[PDB]
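A look at the structure
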Amino acid sequence: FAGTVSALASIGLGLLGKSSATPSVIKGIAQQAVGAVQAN
Amino acid sequence: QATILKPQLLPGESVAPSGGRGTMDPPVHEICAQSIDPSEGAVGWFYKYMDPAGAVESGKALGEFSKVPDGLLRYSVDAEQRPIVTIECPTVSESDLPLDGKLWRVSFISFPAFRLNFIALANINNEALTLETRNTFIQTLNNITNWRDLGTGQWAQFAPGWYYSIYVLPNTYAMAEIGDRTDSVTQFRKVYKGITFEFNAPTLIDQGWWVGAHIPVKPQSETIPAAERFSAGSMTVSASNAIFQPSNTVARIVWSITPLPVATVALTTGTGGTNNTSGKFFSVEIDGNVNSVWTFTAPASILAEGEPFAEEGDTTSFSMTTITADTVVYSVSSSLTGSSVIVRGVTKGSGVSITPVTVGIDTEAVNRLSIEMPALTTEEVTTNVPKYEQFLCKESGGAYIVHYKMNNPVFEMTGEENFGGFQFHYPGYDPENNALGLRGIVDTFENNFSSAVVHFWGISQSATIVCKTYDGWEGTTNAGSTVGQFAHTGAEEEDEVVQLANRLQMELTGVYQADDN
Amino acid sequence: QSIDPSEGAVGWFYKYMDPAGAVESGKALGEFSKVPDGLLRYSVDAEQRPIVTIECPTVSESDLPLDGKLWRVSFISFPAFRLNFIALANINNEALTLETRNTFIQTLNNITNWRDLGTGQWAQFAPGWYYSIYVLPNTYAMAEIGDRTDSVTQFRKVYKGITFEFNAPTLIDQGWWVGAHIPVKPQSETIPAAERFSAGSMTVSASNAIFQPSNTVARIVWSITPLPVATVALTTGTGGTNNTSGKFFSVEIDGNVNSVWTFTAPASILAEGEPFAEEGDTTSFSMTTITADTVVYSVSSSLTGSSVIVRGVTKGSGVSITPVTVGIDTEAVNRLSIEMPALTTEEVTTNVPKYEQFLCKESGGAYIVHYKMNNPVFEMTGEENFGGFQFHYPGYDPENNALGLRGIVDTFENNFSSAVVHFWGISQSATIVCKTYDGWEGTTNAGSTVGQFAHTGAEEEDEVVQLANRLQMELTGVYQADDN
Amino acid sequence: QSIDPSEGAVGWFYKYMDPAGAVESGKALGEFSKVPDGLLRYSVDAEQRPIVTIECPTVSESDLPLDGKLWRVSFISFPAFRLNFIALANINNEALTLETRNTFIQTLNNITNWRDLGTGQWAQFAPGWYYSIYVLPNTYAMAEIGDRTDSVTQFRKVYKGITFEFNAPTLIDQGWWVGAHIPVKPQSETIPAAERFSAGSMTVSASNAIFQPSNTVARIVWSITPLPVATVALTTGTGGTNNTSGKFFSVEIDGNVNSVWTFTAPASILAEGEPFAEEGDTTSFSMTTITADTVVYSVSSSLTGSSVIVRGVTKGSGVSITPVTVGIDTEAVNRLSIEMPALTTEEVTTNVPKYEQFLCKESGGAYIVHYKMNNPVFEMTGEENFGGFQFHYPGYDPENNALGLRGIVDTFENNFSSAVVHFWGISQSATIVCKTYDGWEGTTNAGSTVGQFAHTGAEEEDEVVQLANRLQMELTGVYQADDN
Amino acid sequence: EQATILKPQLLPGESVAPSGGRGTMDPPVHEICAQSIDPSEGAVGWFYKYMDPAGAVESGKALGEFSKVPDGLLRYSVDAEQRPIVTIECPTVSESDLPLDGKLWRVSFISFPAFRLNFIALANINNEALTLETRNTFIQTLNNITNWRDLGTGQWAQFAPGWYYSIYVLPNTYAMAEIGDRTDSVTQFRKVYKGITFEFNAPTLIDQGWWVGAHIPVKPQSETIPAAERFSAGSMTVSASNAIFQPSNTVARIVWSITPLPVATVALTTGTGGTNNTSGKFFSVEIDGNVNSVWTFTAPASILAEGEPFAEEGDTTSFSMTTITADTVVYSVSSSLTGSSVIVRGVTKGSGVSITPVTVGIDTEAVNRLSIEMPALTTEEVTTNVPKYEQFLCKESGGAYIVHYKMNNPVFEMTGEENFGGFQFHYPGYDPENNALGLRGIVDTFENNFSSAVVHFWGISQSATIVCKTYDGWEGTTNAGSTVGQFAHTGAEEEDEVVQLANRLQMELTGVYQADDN
Ligand SMILES: [Ca+2]
Ligand SMILES: [Ca+2]
């Protein structure tokens, strides 16, 4: 349970699980997973 | 709408004061919608992939449009080459009248190839192509030796009323294939490729029409053996005619030799008129009269008709005994005493004369790519293709062609797999007429994209074609890559769009008018 | 949105799913032969349903002897463009031993002018073994640059459905079978193109000529790869010369030892570091000894100083290769190293878990539905992997491979799984009818006839395609014939 | 309930992601070696977890000296079937001269029986440089032609990912590295099949022997391209031999200029266009000279009038090759031209952006994780691209490439990043433990053992995979070991 | 606040045909609206990069096409970063064992805002004080390098006894061949920023070491190598040394090379080997060996030395060593020329190189060399003469991190071809006599704008090394054959509004920092 990279999955996999399943949406989570953000 | 920014450190990553990565995924300016948020690159790409030339001057181009939005590559370099070539009739057909109502035919083959743009061949006379006519053509493109020394876009006679030239893509072509300085990238994809064939004609005699149609072609790596002590080769003497001088007097044969090393051919005994390559293998461009004789020191041992002909330190002398206004007889002569002379019958503007040679030179193995020359027939295309379009050049101020991910439903990464010596086969065409060694075009062929051709017909000697091409390639750089310094993260997968595109494309004809550019 | 798919995309569905039943269930709608992946801007989709009557190698077609004797017959189906499938049979229900196996293989790779077996007709290849090939008419029809020539820039099987109906009198309506799909991609092992001379090999298979004194006569089919087709005619003795339509040199003959066949060399030849003939010599091939088991042969020519040639070939199994060099030239043309789908009823089980097996009595035969197994999408299979495939397999020694352009030359579907079906307890008094609904979709480059049929590639019907290979997946590509 | 992937997906996802944390985090569950793309009827998924402790070349795995000396070690993981990666090294702290790297490569392009190297044992190709080949056991274990002879049709790497733990005592952690995934694809440059005489070549790589007279005694690796393997042994002189296991001829031996080993020809051989020796004739090999940088080798044939060989070879440099020609028959096999993933710290950092460098001390090693980097979807490498790994690179000229079936013989996983991890300035006294969690999915054609656990393909779970794919294109694939 | 501007593809009023017009579109400008300005990321990004070329990226400030100086000067431009990372290591004397409580080295770096070239290394194993002789021996060397690309591999190179240096180039730019057959480069160019972090790769404890860094400007004033025809005069150098693991007393290595003379494949004719060849276009070769060993090749062009005809287009000249000691060596070059003379010459291994003046029967391309006054080498010469420097113990700083900046000019005047050359180095106390004639030395264009730097390290345990993670940004204007024209497009807009800061900011501080602040 040291995997960071792994956490960075279950985090998004986590979302996905209750996410609209849109591949567009997937992009969303997939960036959130990397912990990205909307700057300003 | 809004901008996105990913962190160097992944949630939790604990880097040192100089660790991490050295990059910073350029921000995401993906635009927004009720259902999707493609990034300007994703978007730009869509339009570019769709209407390359237009979408740009259309203003709809933007962001990493030269990158494909299918979030496949973790990192990738990419760009677009917009080389603009002006194709125009080869023969300065001298006319006495004030109105040389002459017309010429011309056709272009587009290959979604890494370094190659498209091919083109015209007929000074508007005559169509004959089988054997066509064949010579073909066998010529297979026999082209130091092909690189042709990218200049220069015209080249192969048939009587026929010439042909090949156009590279300025930079990718500007990336050599030698072990010393330049080697390609690990692989790539033709992100989108379009060409406009502007009908540059005097708005006086704007006659003519053209047919365009996309045809997919996948290459076949019919590879060449790696030789050691000796290597098999082919001595080529494609006899031709002096674009100006008297056939029945002077000939213009091109003389190359498949695996034998490039060695300067200086005309010694004769009248004069030579132009040798710079390619790695030995080839020559020379025109002259009978008595004339060129020379050169044979880089390596050479056999032929069984018996040895030359040795490293030998000096070969090539001449021509007879020059009918259409046929040509020639002689090849070795220093090496005990050897006998070589002679052979050719026919300028016709097939080449082959000479199963053998060169005392280690031979790197390299594949040759067996590629079916797309319907070149005035009217074959018209048949095997329903999605072809066609109008008069007058109307459609030219032709607009947009290639597309034709072969694979999705965008694979055509890599080194299919790379090599283009060697075109076709129906009715005999390969026996195919030159040996690694000659012909050499390039990585985007096996995903749609190859495609467009023949112009019934135009005027005066009318010329400005081919504005927009080639968009993306690939992964390895080493020595003079480009690796441009690669960033690969486009994000926005299939939402992508699919649409694919549909359109499919749904559409990759051909349009240079007025819909 | 209803998820409305073109009625023709639906056709494709069932067709892919159940290429045979779909037709029968009328569910065969629209131009079902085009793949709804919305890929091609245009394309030609075709579907040949060629039917073959498989009889037991020796058993007549006329009279059906109710022997109450049996025979093992298996078929290997390949998603090859024109090649429908291959079938091999043992007139004694026997097992496929190694040599037999290897011989079988060996043969297929050394099949010179393979077009010579376009005819479903059998061909002994071992002591009690025969094999034959089944081409897909319409495609096989596509003469590779002859007089009548059309062409396709690339294609992809849209589905393949073969159903080996167990045509056996209910009387001895016995035996069983095992079917299974095994995906195989080919590798392009190249046959270097050459000039003044071209290396090659002179093969000479030998085996008893059904209906001739076993120990006396022997039917043999000897060929010579780069050597251009030569017209052989018996020169002196007991008749028995069947020639080839082929482009290279091959001929099947039979006769007394003293019998002699001869033809003129259409190009200079070399054998055992030595010369053998000029482009005009009169080559003479005959036999020295004929054993119901073995056979010695020897060929010579009018070439002055031309030594003779001699080697032996134990009748029924393998060929006597002869390293040769021909005076003509070769093309780049390469063979296709292709793994050979488990030929033993053994491995098939021990390797394919989604394989099936029923008795031919209940399961009126065996019906298999080929499917895109190779890659998750319907990639286009073009030129890239076309060539004379030569199957390799454990045990099989490449040594036995010819040297020229041999074997079944065709294109392989870089996607569809190949499948094999072994019938075991069949009664010679039974024949396996083979319904073959196989439909490909490709693109034309040059031709005078096919073009006019090319329209638009089926629209991207993502939703269907989706489930499509989803089902095929969780499903055994094998099925009870009667379930077609 | 948006979607419910079965464990085998999750477990997979997490693995094709953090193949270490997956397991470590117990997140790896279900039959995870199968890609939930749902493309197979049946498939055998598998995960080989080799843990090799890549110790410095000249080091005692026993009483390691707390030296404080350095050494470069670059790992170039390839998504090959039974090939984990290659290990580059350099005891003397020296850069990779073109000479050097060109020597390196050629070594790997001319490795006679690469199998003889599976031991991953160190091999000195250059004065201070070594290499070695670590393999994915279990697969490699399945003997190529085998005894139970299990044969896999097609496969596909489902997830590479391996960590290169920086095994070093706080005393000496002086170390820093940097990885990066660079995709690679093999272009099948085919080796032709010939008949009576097939060409090949004779290689001889000379170098000094560990703990031996750097000018009095030198070790070479003499081999022959298409030559059938034959046993050698010192005949007269200072002992020192190591025979090959492969089907071709090669051997490693140490000794002085007086030392002479010999073996008997397995078949005819021509050399310098001259019959060097026939079947019987016993060939001898010795050294006219021996220094610290050069060696004159010379092979004497038992043949009568058989002129012998004499050759200069700078030990530590390339391999001096003598074109050959054996009387054996050869099957045409495929050599695979393959770009060599940037071998230089800079070459890598400037051309690849998604690289990630670290100080070993802080980053407890390195952890790279490959991923389907070519096909946007998991196609299925099979026979498709299998052969002799023969690499090139900028600079490298094939002028020094072996004519025979050499190099690393395997199948390169078409679509999948091959990566590189360079460890610079590592303590002599430190090693790299390499636990790779490699997994693949394939199909069985013939075998007796593998086709048992062959089951159904993974259930097509897009979203899952979809995401997985997003994260990849998204990531670096190179992380602090502390992140596995 | 955010904003996105779009420059139409047309101009107000332009009536444009479909087919034609402009072929390139303008990448959309994204501006960060500020209460006083709204630069585009390609600015900020730059800004930051230019300012902290590493920490700006590690931090998350490297936005857009930051490799483009925002000063609306170029219409079109090519931008690109290069982050080569070499791990300069101690050189090799021999597997000569190594105790931790023992040996260590001194290694210095000189970084020049040169287009292709990255930085020049230099180290002394036994840890030495740069003696005058040592210096010259060095400089003379760098200069007399024939096919400078020959070592672009960033491989160590000896010269003085126990002294080695090396050259590291911008892997991608070095990758772009010069004056090659059909090869050439960009039109102009200008470093957009460039910093280097010499991470201190040292064992946690043997953290011993101290380094100094400082920015010192240097501009190349060019001197020319005149063209000629019948024969182009030049000279052949031959330096000496003892290969590694080599009996220094009787096995010497030499960097024998002739200048205007064409590379001619050198081949060992007799005796032990020890011979390396050069890819470059000029005759250069590296051989070593027992005294009486012989080398050779076929003299490509008419050679005349010692005022005497020495060779012809075909003669085969060979080089053998008369007497080789563990310090000095006497060599001999013999012509296969009918009654030619012979060249007996001797050189001191660890120092200097024998220049035998020659004249080659070959035409020459006039190409000038750049008189670039080499910067500091004297650890204390810096400290004293350059105020804005910073010294640190590696123990208390993971290393050094320097960052340059247009110092030579307050503006960013594109430093085109105007100063291209195989720059030989100039230094206080160096005889330009040791200089090689012909066009040798490292070839390249020098950013006639940026400050060059130097960063000497001492007391670095042999076992400790230095990872030199660099970040060289630059933008030029491509012309023809450029393998980059594609990556070209619209120039950066003028953000002097910001630029200014950056300038007066840099100057505000040193260019030297801690390798833990990047
Ligand atoms: Ca593919
Ligand atoms: Ca100025």
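What you see is numbering from 1 along each chain in written sequence order, possibly unlike the entry, with residues lacking coordinates removed. Here the convention is simple: chains get letters from A, ligands get numbers from 1, in the order in which they are written. In this view the chains form part of a larger assembly, and all numbers refer to the visible part. Values reported for side chains reflect all heavy atoms of the structure, with hydrogen atoms and water molecules removed beforehand.

The record lists X-ray crystallography as the method behind this PDB entry and 3.800 Å as its resolution.

Quick word on the overall build of chain E
Numbering of helices and strands runs from the N terminus, with a helix taken as a DSSP run of H or I at least four residues long and a strand as a DSSP run of E at least two residues long. Helix and strand counts for chain E come out as 5 helices and 36 strands. A radius of gyration in this sense is built from C-alpha atoms; the matching globule rule multiplies 2.2 Å by the number of residues raised to 0.38. The C-alpha atoms of chain E give 25 Å as radius of gyration, which agrees with the globular expectation for 518 residues (24 Å, within 12%). Remark: exposure states derive from per-residue accessible area (1.4 Å probe, protein chains only) relative to the maximum for the residue type, with buried under 20%, exposed over 50%, and partly exposed in between. Within chain E, the fraction of its 518 residues that count as buried is 62%. A separation of at least 24 residues holds for 76% of the contacts in chain E among residues at least 6 apart in sequence. Looking at chain E as shown, the accessible area adds up to about 18,400 Å², and 53% of this sits on carbon and sulfur atoms. Contacts were defined at the residue level, with two residues in contact if any of their heavy atoms lie within 4.5 Å. Computed with the Shrake-Rupley method and a 1.4 Å probe, the accessible areas treat only the protein chains shown as cover for residues.

Focus: the packing of aromatic side chains
Note on aromatic contacts: the rings of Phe and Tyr and the six-membered ring of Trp form a pair at centre separations within 6.5 Å, being stacked when their planes are under 30 degrees apart, edge-to-face when over 60 apart, and tilted otherwise. Scanning the entire structure with this criterion turns up 128 aromatic pairs over all chains. Taken together, a centroid distance of 4.1 Å and an interplanar angle of 10 degrees make the contact between D:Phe249 and D:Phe263 stacked. Here D:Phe249, found in strand 17 (residues 248-255), pairs with D:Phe263, found in strand 18 (residues 260-264); they are 14 residues apart in sequence, far enough to count as distant. Given the relative accessible area of 0%, D:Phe249 is considered buried. Each ring, one from E:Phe198 and one from E:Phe457, has its centre 6.0 Å from the other, and the planes form 65 degrees; the classification is edge-to-face. Here the residue E:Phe198 occupies a position in strand 11 (residues 186-201), and E:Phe457 occupies one in strand 33 (residues 452-461), the gap between them amounting to 259 residues. Judged by its relative accessible area of 1%, E:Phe198 falls in the buried class. Exposure remark for E:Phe457: the relative accessible area of 0% places this residue in the buried category.

Quick look at the coordination of the calcium ion (ligand 1)
Water is not part of the atom set, so a site may look incomplete; the donors themselves are N, O and S atoms within 2.8 Å of the metal, or 3.2 Å for Na, K and Ca. At 2.6 to 3.0 Å from the calcium ion (ligand 1) lie its protein donor atoms, namely B:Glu412 (OE), B:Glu412 (OE), C:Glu379 (OE), C:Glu379 (OE) and D:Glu379 (OE). Of the two residues, B:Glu412 is situated in the loop between strand 23 (398-402) and strand 24 (419-425) and D:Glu379 in the loop between strand 27 (366-368) and strand 28 (386-392); the pairing between them involves two chains.

So, the nonpolar core
The biggest cluster of nonpolar side chains holds 124 residues, and the ones touching the most others in it are D:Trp12, D:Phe13, D:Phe104 and E:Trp46. Apart from the residues within four sequence positions on either side, D:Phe104 is in contact with D:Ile86, D:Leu88, D:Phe125, D:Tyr131, D:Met340 and D:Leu343. Only buried residues count toward a nonpolar core, which is a set of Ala, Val, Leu, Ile, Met, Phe, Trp, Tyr and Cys residues joined through side-chain atoms within 4.5 Å.

Re the arrangement of the chains
Here 8 pairs of chains make contact, and the pair sharing the most contacts is chains B and D. Separated throughout, chain A and chain C approach each other most closely at a C-alpha pair spaced 14 Å apart. Kept free of each other, chain C and chain E leave a smallest C-alpha distance of 24 Å between them.

Some details on the pairing of strand 24 (residues 365-370) of chain C
Residues and elements named next belong to chain C. Counting buried residues in strand 24 gives 6 out of 6 residues, a clear majority hidden from the surface. Here strand 24 shows two buried faces, one formed by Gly365, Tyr367 and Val369 and the other by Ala366, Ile368 and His370. Any two strands with at least two DSSP bridges between them are considered paired. In the sheet, strand 7 (residues 151-167) pairs with strand 24 via 6 bridges, with the strands oriented antiparallel. The residue bridging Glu165 from the neighbouring strand is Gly365, located in strand 24. Bridge count for strand 24 against strand 30 (residues 478-480) is 3 bridges, and the pairing is antiparallel. If you follow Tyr367 over to strand 30, its bridge partner there is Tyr479.

Some thoughts on the UniProt feature "binding site: Ca(2+)" (unreviewed entry) in chain E
All names here are of chain E. UniProt positions are given in the numbering used here, feature names are shortened, and annotations may be inferred rather than shown by experiment. Here, the residues flagged by UniProt with the feature "binding site: Ca(2+)" (unreviewed entry) are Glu413. Along the chain, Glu413 turns up in the loop between strand 29 (399-403) and strand 30 (420-421). Residue classification places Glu413 among the partly exposed residues on the basis of a relative accessible area of 46%.

Some remarks on the sheet that holds strand 3 (residues 103-110) of chain B
Residues and elements named next belong to chain B. In space, the 7 strands of this open sheet follow the order 5-6-4-3-26-8-22, with antiparallel pairing throughout. Edge positions in the sheet fall to strand 5 (156-157) and strand 22 (389-392), since each has one partner strand and no second. Of the pairings in the sheet, the one linking strand 8 (residues 209-214) to strand 22 comprises 4 bridges and is antiparallel in character. Paired with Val211 across the strands is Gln390, a residue of strand 22.

Some remarks on the domain arrangement of chain E
Boundary definitions for the domains trace back to an automatic or database domain assignment. The domain boundaries assigned to chain E delineate domain 1 (1-71 + 493-509 + 515-518), domain 2 (72-226 + 365-492 + 510-514) and domain 3 (227-364). Inter-centroid distance (C-alpha atoms) of domain 1 of chain E to domain 3 of chain E is 54 Å.

Details of the interface of chain A and chain B
Many authors give the size of an interface as the accessible area that is lost as the parts come together. Listed per partner, the contact involves 14 residues of chain A and 20 residues of chain B. When two parts are put together, the accessible area they lose, computed with a 1.4 Å probe and summed over both, is reported as buried area. Taken together, both faces of the contact between chain A and chain B bury some 1,300 Å²; the carbon and sulfur share is 57%. Counting the surface chain A buries against chain B, the share from its top three residues, A:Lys27, A:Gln31 and A:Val34, is 37%. Just to be clear on terms, a salt bridge is a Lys or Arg side-chain nitrogen sitting within 4 Å of an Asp or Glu carboxyl oxygen. For A:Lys27, the salt bridge goes to B:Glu494, with nearest N and O atoms at 3.1 Å. In protein, a polar contact means a hydrogen-donor-capable atom and an acceptor-capable atom, both N or O and within 3.5 Å, with residues adjacent in sequence counting only if both atoms are side-chain atoms; elsewhere, any N or O pair within 3.5 Å suffices. In this assembly, chain A and chain B are joined by 8 residue pairs in polar contact. Of all the secondary-structure elements, those providing two or more residues to the side of chain A that touches chain B are helix 1 (4-16) and helix 2 (23-32) of chain A.

Things to note about the sheet that holds strand 24 (residues 322-326) of chain D
All names here are of chain D. Overall, antiparallel pairing links the 7 strands, which are arranged 16-17-14-13-24-19-20 in an open sheet. Lying at the two open borders of the sheet, with one neighbouring strand each, are strand 16 (241-243) and strand 20 (275-277). Averaged over all pairs of adjacent strands, the angle between their axes in this sheet comes to 25 degrees, without regard to strand direction. Relative to strand 17, strand 16 runs antiparallel, the two sharing 3 bridges. In the sheet register, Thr241 faces strand 17, and the bridge partner there is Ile253. Think of each axis as a best-fit line through the C-alpha atoms, taken over the contacting stretch in the case of a helix, with angles from 0 to 180 degrees between the N-to-C directions.

A closer look at the packing of helix 1 (residues 40-50) of chain B against helix 5 (residues 495-507) of chain B
Residues and elements named next belong to chain B. In the contact formed by helix 1 and helix 5, the axes pass within 10 Å of each other and the chain directions differ by 10 degrees. By the criterion of interaxial angle, the relationship of helix 1 to helix 5 is roughly parallel. Here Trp45, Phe46, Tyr49 and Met50 of helix 1 come into contact with helix 5, specifically with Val497, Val498, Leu500, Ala501, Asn502, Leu504 and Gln505. Between 65 and 115 degrees an angle is taken as roughly perpendicular, under 35 as roughly parallel, over 145 as roughly antiparallel, and anywhere else as oblique.

Comments concerning the interface of chain D and chain B
Tallying the contact residues gives 63 residues for chain D and 63 residues for chain B. Across the chain D/chain B interface, buried area totals approximately 4,800 Å², and carbon plus sulfur atoms make up 50% of it. The partner of D:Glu474 in a salt bridge is B:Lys6, and the shortest N-O contact between them spans 2.8 Å. In this structure, the connection of chain D to chain B is made through 31 residue pairs in polar contact. Those elements that provide at least two residues to the side of chain D that touches chain B are strand 11 (176-183), strand 12 (187-191), strand 25 (333-339), helix 5 (345-351), strand 26 (356-359), helix 6 (462-474) and strand 35 (478-480) of chain D. Per-element tally for the side of chain D that touches chain B: the top contributor is helix 6 of chain D, with 6 residues.

Comments concerning the environment of B:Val106
Residues and elements named next belong to chain B. Mapped onto the elements, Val106 comes out in strand 3. Of the residues examined, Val106 reaches a relative accessible area of 0% and is grouped as buried. Separated by 14 residues in the primary sequence, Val106 and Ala120 place their C-alpha atoms 6.9 Å from one another. If we ignore the near neighbours within four places in the chain, the residues touching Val106 are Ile87, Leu121, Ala122, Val454, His455, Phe456 and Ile459.

A look at the packing of helix 1 of chain A against helix 6 of chain D
The axes of two packed helices give the description: the angle between them and the distance between them. Two numbers describe how helix 1 of chain A lies on helix 6 of chain D: the axes approach to 11 Å, and their chain directions differ by 140 degrees. One way to sum up the angle between helix 1 of chain A and helix 6 of chain D is to call them oblique. Judged by the sense of rotation from one axis to the other, the crossing of helix 1 of chain A with helix 6 of chain D is right-handed. Of helix 6 of chain D, the residues touching helix 1 of chain A (which contributes A:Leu8, A:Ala9, A:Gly12, A:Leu13 and A:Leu16) are D:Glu463, D:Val464, D:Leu467 and D:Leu471. Three residue categories are used. Nonpolar comprises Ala, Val, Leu, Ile, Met, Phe, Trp, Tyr, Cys and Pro, charged comprises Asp, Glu, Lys and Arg, and polar comprises the others, including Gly. Residues of the contact of helix 1 of chain A with helix 6 of chain D, tallied by class, amount to 7 nonpolar, 1 polar and 1 charged. Rotating anticlockwise by less than a right angle from the far helix to the near helix defines a left-handed crossing, while the corresponding clockwise rotation defines a right-handed one.

Here we look at the pattern of salt bridges
For the structure shown, the criterion picks out 73 salt bridges over all chains. Its salt-bridge partner being B:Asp206, residue B:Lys394 comes within 3.9 Å of it at the nearest N-O pair. With a gap of 188 residues between them, B:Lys394 in the loop between strand 22 and strand 23 and B:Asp206 in the loop between strand 7 (187-200) and strand 8 connect regions that are remote in the sequence. Between C:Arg470 and D:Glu460 there is a salt bridge; the shortest N-O distance is 3.3 Å. Here the residue C:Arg470 occupies a position in helix 6 (residues 462-474), and D:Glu460 occupies one in the loop between strand 34 (455-456) and helix 6, the pair thus bridging two chains. Here the salt bridges share partners, and the residues they tie into one network are A:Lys27, B:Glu30, B:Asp37, B:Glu493, B:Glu494, B:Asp495 and D:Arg470.

Things to note about a nonpolar patch on the surface
A contiguous nonpolar surface patch, about 290 Å² in accessible area, is contributed by C:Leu64, C:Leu66 and C:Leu171. You can see C:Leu66 is positioned in the loop between strand 2 (52-54) and strand 3 (72-77). Patch definition: residues above 30% relative accessible area lacking any salt bridge, with like charges linked at up to 9 Å and the nonpolar side chains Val, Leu, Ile, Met, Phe, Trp and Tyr linked at up to 5 Å.

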